[PDB]
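Line by line, the protein sequences give chains A, B, C, D, E and F. Quick note: the first sequence uses the numbering used here, first residue 273, plus one each step. Quick note: the second sequence uses the numbering used here, first residue 25, plus one each step. Quick note: the third sequence uses the numbering used here, first residue 4, plus one each step. Quick note: the fourth sequence uses the numbering used here, first residue 3, plus one each step. Quick note: the fifth sequence uses the numbering used here, first residue 2, plus one each step. Quick note: the sixth sequence uses the numbering used here, first residue 349, plus one each step. Just below is one structure, and these are the notes that go with it.
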Amino acid sequence: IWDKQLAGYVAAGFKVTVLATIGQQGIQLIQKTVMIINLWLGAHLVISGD
Amino acid sequence: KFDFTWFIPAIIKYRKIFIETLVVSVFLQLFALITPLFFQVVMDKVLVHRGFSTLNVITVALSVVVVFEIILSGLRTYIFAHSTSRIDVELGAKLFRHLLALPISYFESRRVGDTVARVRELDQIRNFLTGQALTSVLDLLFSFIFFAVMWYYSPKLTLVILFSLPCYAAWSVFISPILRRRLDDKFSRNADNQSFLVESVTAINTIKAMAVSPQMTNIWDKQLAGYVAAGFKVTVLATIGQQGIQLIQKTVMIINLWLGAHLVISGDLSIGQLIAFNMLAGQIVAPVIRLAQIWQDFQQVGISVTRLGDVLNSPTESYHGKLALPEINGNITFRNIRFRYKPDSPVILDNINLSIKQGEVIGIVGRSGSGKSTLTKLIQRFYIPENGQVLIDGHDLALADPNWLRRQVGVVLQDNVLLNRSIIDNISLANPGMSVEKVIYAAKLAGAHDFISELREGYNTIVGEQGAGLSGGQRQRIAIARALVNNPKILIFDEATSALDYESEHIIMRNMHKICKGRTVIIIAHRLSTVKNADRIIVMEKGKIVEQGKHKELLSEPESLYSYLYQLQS
Amino acid sequence: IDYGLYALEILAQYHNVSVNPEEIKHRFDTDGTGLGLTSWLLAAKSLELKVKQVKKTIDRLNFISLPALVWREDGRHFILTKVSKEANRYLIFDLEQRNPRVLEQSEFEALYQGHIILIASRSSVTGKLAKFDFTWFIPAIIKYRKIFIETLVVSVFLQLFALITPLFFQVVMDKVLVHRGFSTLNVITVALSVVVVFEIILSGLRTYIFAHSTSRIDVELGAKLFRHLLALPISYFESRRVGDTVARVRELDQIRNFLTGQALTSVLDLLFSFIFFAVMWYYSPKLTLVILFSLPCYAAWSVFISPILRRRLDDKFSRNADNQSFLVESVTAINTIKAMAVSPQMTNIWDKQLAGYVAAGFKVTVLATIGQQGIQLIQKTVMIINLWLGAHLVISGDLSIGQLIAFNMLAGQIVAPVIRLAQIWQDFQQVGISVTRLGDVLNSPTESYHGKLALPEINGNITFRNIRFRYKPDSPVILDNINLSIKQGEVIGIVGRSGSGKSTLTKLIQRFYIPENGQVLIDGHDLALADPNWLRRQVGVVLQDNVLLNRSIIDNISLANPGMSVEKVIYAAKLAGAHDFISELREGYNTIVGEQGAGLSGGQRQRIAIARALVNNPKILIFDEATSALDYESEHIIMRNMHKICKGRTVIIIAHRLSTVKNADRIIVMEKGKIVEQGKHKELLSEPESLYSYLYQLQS
Amino acid sequence: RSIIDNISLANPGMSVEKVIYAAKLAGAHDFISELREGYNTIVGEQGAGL
Amino acid sequence: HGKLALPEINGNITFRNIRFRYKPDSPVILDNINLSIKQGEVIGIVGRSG
Amino acid sequence: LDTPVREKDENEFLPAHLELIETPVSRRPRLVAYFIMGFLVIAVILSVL
C-alpha cells in the first residue's frame with residue numbers, strides 16, 4: 273500500500289514540477305524576445321539619432 | 025551508516041543520463057556566452073562604422089539562438105528532475121521497509137509525531153532533489169568558460185572577479201553553521217508541535233468528554249509561539265546572508281565600473297568589450313544570487329538527511345533467514361523461563377516450566393499480578409526472557425523468523441485495536457484478496473454476524489477509529505473473527521471475553537468446539553467459568569505453578585487455591 | 004466451463020482484490036458461453052487493475068512481470084509464474100486441473116502462442132462529485148489530444164495558405180499590369196493553382212479527422228448516458244413521462260449533429276486570424292485600427308443577442324418535449340383512443356400543441372434573422388469606412404491600389420468565419436440547451452450502489468424486521484409492524500383481503516419500495532444499500548400482468564441469459580404448461596410477440612412469463628397472484644408441476660384464492676397491514692373463530 | 003391523468019356528480035375516497051400507480 | 002443559542018420523549034424513552050446488549 | 349547573532365498578547381526615518397562637495 277501511494281504522490285509532484293518549468297521557460301522566452309526587439313530598435317535609434 | 029554515501033550508488037547507477045545532463049549544461053553555458061559577443065559586435069562594428077544588413081544577420085541568428093537555449097534549458101531541467109525522482113522513490117521505499125522492521129521497543133519509547141515528522145523529512149528531501157537547486161550548482165560550476173573569455177578581454181577585471189569568488193565562499197562558510205543550528209531548533213519545535221497535534225486529534229473523545237479545552241489551547245498557543253519565533257530567527261539569518269551576498273556583488277560591480285572606465289579612457293579596451301564583460305560578470309554572479317535565496321533549502325535537506333539517518337541507523341528486528349524452517353504444529357513448551365520487565369524492575373516469572381501438546385485446549389487462571397498475562401507476549405517474540413528458552417515445535421524462538429512465528433500464531437487480547445476501514449477490511453487484513461464466504465463464515469463462528477445484521481451499511485460499515493463506532497463486545501467479536509478467519513495453529517485468548525455480555529459469551533462458548541478444532545488453544549482469563557471446559561487448568565501464583573489438573577481434580581480439594589478462587593468468583 | 008473467469012479471479016486475488024465470479028459473469032458475459040478478450044479486459048478494468056494484451060516472444064518472457072495470463076484462441080488459458088532460465092522450466096498454474104504444475108521448454112513452446120496479458124494494480128480513483136456540464140468535455144479533449152494537435156497544425160497551415168492569395172493579387176496588380184510583365188503572370192498562376200489545390204485538400208482532411216474524433220467522443224457520451232439511465236431508481240421513471248426522457252436522449256443526437264459540423268472549425272479559423280492582422284498592420288495601421296474597433300462591436304452584438312435566443316430555445320424545447328410526450332402516449336394507447344372514440348379531443352390537443360410549437364420556432368427564426376442582419380450591418384459599415392479611408396490613403400501616396408485590394412481581401416477573409424458562425428447561431432444556443440437537458444438526466448442519484456463488498460450468492464432466508472410502509476409520505480400506512488422470518492427451502496403462502504398489504508411484500512423483497520421504518524434482510528444482509536443487480540438477478544417474480552419484448556418466444560423466455568440451450572427452454576416451457584400452444588404455432592418458437600405481447604392472448608403471456616422466470620433458476624421464487632388470469636386447465640397444470648417448481652427454492656405464493664396455498668408449508672393471514680394468524684392449513688382451518696376459516700367458507 | 007379525468011376520458015367536460023354515480027356503481031368510490039388526493043390522484047404511466 | 006451564563010448543576014436529569022438513531026436512516030435505538038432522575042439519587046440501568 | 353530563542357522572543361508572538369495589543373507597532377519604529385534622513389544629509393553634504 274505504501275509503495276502504491278508513494279508512486280502516485282511522486283507522479284503528481286513530477287507533473288507539478290513539469291508545468292512549473294514550462295511556465296518559467298515561457299516567461300523567459302517572452303523576456304528574451306522583448307530584449308531582442310529592444311536591441312534592434314535601439315541600434316536603429318542610436319545609428320539614426322535622438 | 026546512512027549519511028550521504030547512500031546517494032553515490034544511486035548517482036552511478038544513473039551515470040549515463042547524468043553525464044548527458046552535464047554536457048547539456050556546458051552547451052547551455054556556451055549558448056549563454058554567444059549573446060554578449062553579439063552585443064559587443066553590435067556596439068563596436070554596427071553603431072560605429074556603418075550598415076544594417078549585419079545588424080539583421082545578428083538579430084536573426086540571436087532569435088534562433090535564444091529559442092534553442094530556452095528549449096535546451098527546459099529539457100535539461102526536465103531530465104534532471106526525472107532522474108532524481110527515481111532516487112527519491114528508492115529512498116522512500118527503503119525508508120518505509122526499514123521502519124516496519126524496527127523492534128517494538130523503538131515505538132514504545134517514542135511518540136507518533138516524532139516518527140511522522142522524521143518521515144515528512146523524506147518529502148523535504150524530495151522537494152530539494154526535484155527542484156532548481158542542483159541545476160544552479162551546475163551553472164555555477166560550469167562558468168569557467170566565461171572566465172576564459174573575460175581573461176581574453178581583460179585580465180585586471182577578471183582578476184577582480186576571481187578574487188570576489190573567495191569572498192562569497194568565506195561569507196557562506198561563516199554564515200552557514202548558525203543557520204543550520206537555528207533550523208535544528210526549528211525542526212525540534214516542529215516535531216514537538218506535530219506530536220502534540222497528533223496526540224490531541226487522536227484523543228479528541230477524551231478532550232471533549234472532559235472539559236480540558238483551555239489546557240490544550242494554552243499548550244498549543246505556547247508551542248505555536250515558540251515555533252513561529254524560531255522560524256522568524258531563521259528568516260532573519262537568511263535575509264542577512266542574502267544581503268551579504270548582494271553587498272559583495274555590488275562592491276565588485278562598482279570596482280569593475282571604475283577600472284573599466286580607466287581602461288577605456290587609456291585605450292586598449294572598447295566600449296562594447298566593456299559591456300560584454302559586464303554582462304559576462306553578471307551571468308557568472310546570477311547563479312550565486314539564485315542559490316543564495318534557497319539557503320534554507322540546503323540546510324534543511326542536510327537536517328532532513330540527518331533525521332532520516334536517525335530513523336535508519338537503529339538496529340532492526342528484521343529477519344532470521346536460515347533454511348526456511350517449516351510450518352508449526354501446536355507444540356509449545358517453556359524451559360526455565362524467568363522474565364523481568366526492565367533490568368531494574370521486580371521479577372515476574374521465576375521458574376515457569378510448561379509443555380503443551382498439539383490440539384490441547386489448556387486454561388490458565390490466577391489473580392492480578394500473577395504473571396499469566398505475559399505468556400501471550402512471550403510466545404510471540406516481543407518479551408525477551410532474562411534466561412531460558414521458549415520452544416515451539418522443538419525450535420527456539422530466539423533464532424527463528426519473527427514474521428513466520430507471529431503469522432502462525434493468532435492472539436485475541438482484552439482490548440483490540442482495529443483500523444479506520446470497513447469491517448470486512450479489518451477481518452481480512454492479512455489477506456484482502458480473500459473470498460467473502462470465508463469472512464462470513466468466520467464472522468458467524470465468532471457470533472459477529474448477528475450484530476452486523478442491524479447495521480445499515482452492512483459489512484462495509486467503516487469503524488470510525490481504532491475502535492470507535494463499535495462497542496467493546498462488538499470489537500472483541502470482530503477481533504475473534506479476524507483471528508479465526510486465517511488458519512492459526514495456535515490460538516490465545518487473553519481475557520478475550522471480558523467486554524462481552526452473557527448472551528454473546530454463551531454464543532461464543534457454544535462454538536468453542538468448532539473454534540478449537542485442530543488448534544492448540546490457550547485460554548487466559550480472570551474468571552474461572554471460562555476455562556471450565558478445558559483439557560487442563562493451571563493456577564499461577566507470583567510467577568510459579570502451584571496447582572494443575574482438571575477443574576474438578578482441583579475443585580474437589582478445598583486445600584487448593586483454585587477452590588478458594590472459585591468460591592470468591594461465585 | 005469458462006477459464007477466463009477463473010483466471011481473472013485468481014489474478015485479482017493475487018493483487019489483493021476480492022471478486023465474485025457470478026457478478027462478473029452477469030454484467031460482462033452478456034452473450035453466454037464465453038467471456039472473450041474485450042469483455043475480459045473490461046471486467047479486469049472494472050476491478051481497478053490495468054491490463055493489456057501484448058505481443059511477446061518466448062525470449063522476452065524473462066523481462067515481463069509475473070503472473071501473466073497466456074491467452075489461447077482455443078479457450079484453454081493458463082497463468083505463467085516464475086520463469087527460470089536455470090533449467091529452462093516454466094512454473095504454470097493450470098486453470099483446468101487447478102493444481103499448479105511445472106513444464107519444460109519444449110512443451111511450453113507447444114502451449115505458448117505468442118499471446119500474453121500483463122496485469123498490474125495501481126492505487127484507485129479518488130472520490131469526487133462531478134456533475135454533468137460543459138466541463139465534462141475537458142477530459143475528452145485531453146484524451147484525444149494528438150488528433151486535436153494535428154487539427155491545430157492543419158488550421159495554422161490553412162491560415163497561412165489563405166494569406167498567399169491576397170499577396171499574389173497585389174504583386175499581379177503592382178507589377179504585372181504596370182510593367183507589362185508576362186512570364187511573371189504565369190508563375191503566379193501556377194503557384195496560385197498549387198496553393199488552392201493544397202488548401203482544399205487540407206481543409207477536407209481537417210474536417211474528416213475532426214469529425215471522426217468528435218463522433219468517437221459522442222459515442223462515449225451516449226454510452227455513458229444510457230448506462231446512467233438504466234441505473235436510475237424506479238421512482239424517477241414513475242414521476243415522468245416516456246416522451247420527456249426520449250427527448251432528453253435525442254438531445255444527444257443534437258449534440259452529435261453539432262460536433263460533426265463546421266462550427267468548431269469556424270471557431271478555430273476565427274482564433275487564428277491574427278496572422279492576417281499582422282500583415283494588414285504592415286500595410287496600414289489606419290484601417291487595421293478600424294478592424295480592431297469593429298471586433299468589439301461583433302462581440303457586444305453577440306453577447307446582447309445570445310440570452311434572448313437561449314430563452315426562446317428553452318421555450319421551443321419545452322414545446323417539443325410536451326409534443327413528443329403527447330405523441331408517444333397517444334400512439335402507445337391508440338387502442339383505447341379508437342375504442343372510446345376520443346379522436347376529436349386528441350386532434351384538438353394536437354392542434355393546440357402544434358400551433359404553440361410553430362409559434363416558438365418562428366420566434367426563434369425571427370430573432371436569428373435579426374441577429375444575422377445586425378452582424379451584416381457592422382460588416383458593411385466597416386467596409387464603407389475602409390473604402391473611404393483607403394481612397395484617401397491611396398490618393399496621397401503612402402499606399403498602392405494592389406495593397407488596397409489585398410487589404411480588402413484580408414479583411415474579408417477575417418470577417419467570413421464570423422458570418423458563417425452567425426449562420427449557425429441557433430445551433431450554438433441549441434447545443435447549450437442540449438447539454439443542460441442532458442445533465443438534467445445525468446445529474447440524478449442512481450441506485451447502482453457502488454462499492455467493493457461483492458456479496459456472495461443467496462440462500463433463501465428472508466426476514467422482515469419491524470416493517471412499516473407508506474406509498475407516499477401523506478398516504479395512510481399499508482403495513483404497520485410486519486415481523487416475518489422465512490427459512491431456506493420453505494414454501495410459504497400469504498393470503499388475505501384486498502388492501503391488507505400482501506401485494507407490496509413482493510416489491511419490498513426487491514428494492515422497489517423503500518420502507519419507512521424497519522429493514523428487509525436476505526441471508527442476514529440488509530438490502531437498504533445492497534447491489535440491485537445482486538438481488539434482483541437471484542429473485543424470480545411472476546406478477547398478475549407481465550409484459551414482453553417483441554423479440555421471439557425463445558428470446559423472451561431466455562432473455563436473462565441468451566446462452567440457455569434449447570433443451571432447458573423447452574423444459575421451462577413444459578413446466579409452465581406453455582410448450583403445447585407454442586409448438587402448435589405457425590412458426591412454433593421464434594414467433595414475434597409484438598408490442599408488449601400483442602399477438603399472444605392474455606393467458607398465454609402469463610405462461611410465457613412463468614417460463615421466463617423459471618428458466619433462470621432463481622434462489623427465491625415469488626408468485627404474486629400469477630394464476631389469476633388463467634383458466635382451470637392452465638392453473639391445474641401449474642399446481643401439478645408446482646412440486647417440481649418448488650425443489651430447492653424459497654417459494655412465496657401470494658394469492659386471493661385460498662385453494663392455491665393449501666399445500667404450502669406455512670400460511671400467513673394478513674389484515675389491514677398486520678399478520679393476525681399464521682400456521683398450517685389444517686391448524687388454521689380447524690378454528691371457526693379465526694379469519695382463515697371465514698375466508699375459506701366465504702370463497703367455497 | 004387524474005382519476006376523474008380517466009373516468010371522464012370519453013368526455014373530459016363532465017361534472018363530479020356523474021363521476022360519483024359511476025364510481026359508486028362500479029364499487030370504486032370507497033378506495034378512491036380513502037386516497038389523499040381523492041378523485042385527483044395521478045395514476046402514472048398506463049395506470050401504474052393503481 | 003444561549004449566551005447567558007447558566008448556574009451550577011443540581012443532579013436533576015430528565016428525558017422527555019427521547020427518540021434516537023445512530024445514523025439518519027439506521028434503526029431506531031430509543032423509541033419513546035421518558036425518564037426523570039432526582040438530585041442525589043443512585044440509578045441502576047440494566048438490560049441485554051443492544 | 350546566533351543566540352537561541354529566549355522567552356523574551358517567544359512572548360512577542362504569544363497569541364494572548366497579540367489579542368490584547370490593539371493597533372500594533374513595528375519592532376523598529378523609527379529606524380526607517382533615521383536611515384532616510386541619514387541618506388538625505390549624506391547626499392546634501394556630497395552635493396556641496
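The beta carbon of each residue, even a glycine, is placed where N, CA and C say it ideally should be.
request  = Give the interface partners of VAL245/C over in chain D, defined as CB-CB distance under 9 Å, in chain order.
outcome  = Indexing the third sequence from 1 puts residue 245/C at position 242. For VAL245/C, the neighbours in chain D by C-beta distance under 9 Å run, in chain order, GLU47.
message = If distances are taken between C-alpha atoms only, which option among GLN522/C, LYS366/C, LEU456/C, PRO420/C comes closest to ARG480/B?
response = Locating residue 480/B in the second sequence gives position 456, counting from the first residue. The residue among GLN522/C, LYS366/C, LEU456/C, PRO420/C with its C-alpha nearest the C-alpha of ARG480/B is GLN522/C.
ask   = Would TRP537/C be called buried (16 or more neighbouring beta carbons within 10 Å of its own) or exposed?
value = Taking the first residue of the third sequence as 1, we reach residue 537/C at position 534. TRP537/C counts as buried, since at least 16 other C-beta atoms from the protein chains shown sit within 10 angstroms of its C-beta.
key: Per-residue burial, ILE387/C [other beta carbons within 10 Å of its own, 16 or more giving buried]   = Along the third sequence, read from residue 1 onward, the residue named residue 387/C stands at position 384. Per the 10 Å Cβ criterion, exposed.
message = Can you confirm whether the segment 264-275 of chain B touches the segment 315-322 of chain B when touching is taken to mean that 3 or more C-beta pairs between the two stretches lie within less than 8 Å?
response = Enough Cβ pairs lie closer than 8 Å, so yes.
request  = Could you give the DSSP three-state label for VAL29/E: helix, strand or coil?
outcome  = Residue 29/E sits at position 28 when you count from the first residue of the fifth sequence. DSSP places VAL29/E in strand when its eight states are reduced to three.
key: Whole alpha helix (DSSP H) elements within the segment 440-506 of chain B, 4-residue minimum   = Qualifying alpha helix (DSSP H) stretches, in chain order: 447-451, 460-469, 472-477.
message = Cβ closer than 8 Å: which chain C residues qualify as neighbours of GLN277/A?
response = For the purposes of this step, residue 277/A is taken as residue 5 along the first sequence, with counting starting at 1. The answer, in chain order, is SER126.
key: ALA117/B beta carbon less than 7 Å from that of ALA215/B   = Looking up residue 215/B in the second sequence gives position 191. Looking up residue 117/B in the second sequence gives position 93. No, Cβ-Cβ distance for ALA215/B and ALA117/B is not below 7 Å.
request  = Could you have a look at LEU45/C and say whether DSSP puts it in helix, strand or coil?
outcome  = Taking the first residue of the third sequence as 1, we reach residue 45/C at position 42. Residue state for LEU45/C is assigned as helix, using DSSP reduced to three classes.
key: Bridge partner(s) assigned by DSSP for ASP97/C   = Working through the third sequence from its first residue, we reach residue 97/C at position 94. For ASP97/C, which the question treats as bridged, DSSP gives the partners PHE81/C.
request  = Answer with yes or no whether the minimum CB distance from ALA12/D to chain C is below 7 Å.
outcome  = As a first step, residue 12/D must be located in the fourth sequence, where it is residue number 10. It does: the Cβ of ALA12/D has a partner Cβ on chain C nearer than 7 Å.
key: Opposing strand residues paired with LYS647/C [DSSP bridges]   = The count along the third sequence starts at 1 and reaches residue 647/C at position 644. DSSP, once it has assigned bridges, lists no residue as partnering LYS647/C.
message = Looking at chain E, is there any beta carbon in it that lies within less than 7 Å of the beta carbon of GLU478/B?
response = Here residue 478/B is taken as the residue at index 454 of the second sequence, counted from 1. Cβ-Cβ to chain E under 7 Å: yes for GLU478/B.
message = With the cut-off set at 7 Å, would you say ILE258/C and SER437/C are in Cβ contact?
response = Taking the third sequence and counting its residues from 1, the one referred to as residue 258/C is at position 255. Taking the third sequence and counting its residues from 1, the one referred to as residue 437/C is at position 434. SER437/C sits close to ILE258/C, with the two beta carbons spaced by under 7 Å.
inquiry  = Between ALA194/B and chain F, is any beta-carbon pair separated by less than 7 Å?
reply    = The residue given as residue 194/B occupies position 170 in the second sequence. No, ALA194/B does not count as interfacial toward chain F.
request  = Check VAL389/F in the structure and name its three-state DSSP category.
outcome  = Locating residue 389/F in the sixth sequence gives position 41, where the first residue counts as 1. Reduced to three states, the DSSP call for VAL389/F is helix.
inquiry  = Determine, for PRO25/E, whether the minimum Cβ-Cβ distance to residues of chain B falls below 7 Å.
reply    = Reading the fifth sequence from its first residue, position 24 is the one you call residue 25/E. No, its Cβ sits nowhere closer than 7 Å to a Cβ of chain B.
query = Helix or strand or just coil, what does DSSP make of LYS568/B?
reply = As a working note, residue 568/B is residue 544 in the second sequence. In the structure shown, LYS568/B falls within a strand segment according to DSSP collapsed to helix, strand and coil.
message = Quick check: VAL312/B and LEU298/B, are their CB atoms within less than 7 Å of each other?
response = Locating residue 312/B in the second sequence gives position 288, counting from the first residue. Locating residue 298/B in the second sequence gives position 274, counting from the first residue. In this structure, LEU298/B does not lie closer than 7 Å to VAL312/B by Cβ.
message = Looking at the secondary structure, which residues open and close the alpha helix (DSSP H) in which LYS287/A lies?
response = Taking the first sequence and counting its residues from 1, one reaches residue 287/A at position 15. In the DSSP assignment, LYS287/A falls within the alpha helix (DSSP H) that extends over 274-320.
query = Considering only residues of the same chain and omitting the five flanking positions on each side of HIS122/B, which have a CB-CB separation below 8 Å?
reply = In the second sequence, the residue the question calls residue 122/B occupies position 98. Closer than 8 Å at Cβ, skipping near neighbours: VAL335, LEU336, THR340.
request  = Under 7 Å Cβ to Cβ from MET176/C, same chain only, skipping five residues before and after it: list those, please.
outcome  = Here residue 176/C refers to the residue found at position 173 when the third sequence is read from its first residue. Correct list, in chain order: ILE404, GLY405, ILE408.
request  = Output yes if chain E places a C-beta closer than 7 Å to the C-beta of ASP525/B; else output no.
outcome  = Taking the second sequence and counting its residues from 1, the one referred to as residue 525/B is at position 501. Chain E contact via Cβ: present.
task = Quick one: which unbroken alpha helix (DSSP H) runs of 4-plus residues sit fully inside the segment 89-134 of chain B? Chain order, please.
result = Fully enclosed alpha helix (DSSP H) runs of 4 or longer: 128-132.
task = Have a look at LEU121/C and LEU83/C and give me their C-alpha separation to the nearest angstrom.
result = Mapped onto the third sequence, residue 121/C falls at position 118. Mapped onto the third sequence, residue 83/C falls at position 80. Between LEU121/C and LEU83/C, the C-alpha separation is close to 10 Å.
query = My guess is that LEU235/C and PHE410/C are in contact by the Cβ rule of under 8 Å, so how many angstroms apart are they, rounded?
reply = For this step, residue 235/C is matched to residue 232 along the third sequence. For this step, residue 410/C is matched to residue 407 along the third sequence. Rounded to the nearest angstrom, the Cβ distance from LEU235/C to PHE410/C is 59 Å, too far for a contact under 8 Å.
request  = Taking all protein chains shown into account, decide if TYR6/C is buried (16 or more other Cβ within 10 angstroms of its Cβ) or exposed.
outcome  = As a first step, residue 6/C is located in the third sequence; it is residue number 3 there, counting from the start. Taking all protein chains shown into account, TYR6/C has 16 or more neighbouring C-beta atoms within 10 Å of its C-beta and is therefore buried.
message = With a threshold of 7 Å on Cβ separation, who are the neighbours of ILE128/B within its own chain once the five nearest residues in sequence on each side are excluded?
response = As a first step, residue 128/B is located in the second sequence; it is residue number 104 there, counting from the start. Its chain contains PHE406 as the residues whose beta carbon lies nearer than 7 Å to that of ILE128/B, once the 5 sequence neighbours on both sides are disregarded; these appear in chain order.
message = Can you find the residues in the same chain that come closer than 7 Å, C-beta to C-beta, to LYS510/C, ignoring five residues on each side of it along the sequence?
response = Counting from 1 along the third sequence, the entry for residue 510/C is found at position 507. Closer than 7 Å at the Cβ level, and outside the excluded window around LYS510/C, lie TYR516.
ask   = In its own chain, which residues sit with a C-beta less than 7 Å from the C-beta of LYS39/E, not counting the 5 before and 5 after it?
value = Your numbering for residue 39/E matches position 38 in the fifth sequence. Once the five neighbours on either side are set aside, the close Cβ partners of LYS39/E are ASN13.
DSSP three-state assignment for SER287/C, whether helix, strand or coil = Here residue 287/C is taken as the residue at index 284 of the third sequence, counted from 1. Three-state result, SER287/C: coil.
inquiry  = Any C-beta of chain F within less than 7 Å: which residues of the segment 251-285 of chain B qualify?
reply    = If the cut-off is 7 Å between Cβ atoms, the segment 251-285 of chain B has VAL252, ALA253, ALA254, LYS257 near chain F.
Through-space distance from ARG539/C to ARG473/C, alpha-carbon basis = The residue you call residue 473/C lines up with position 470 of the third sequence. The residue you call residue 539/C lines up with position 536 of the third sequence. Cα-Cα distance, rounded: 22 Å.
ask   = What number of angstroms, rounded off, separates the C-alpha of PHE361/F from the C-alpha of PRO352/F?
value = What you label residue 361/F is simply residue 13 of the sixth sequence in a count that begins at 1. What you label residue 352/F is simply residue 4 of the sixth sequence in a count that begins at 1. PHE361/F and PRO352/F have their C-alpha atoms roughly 15 Å apart.
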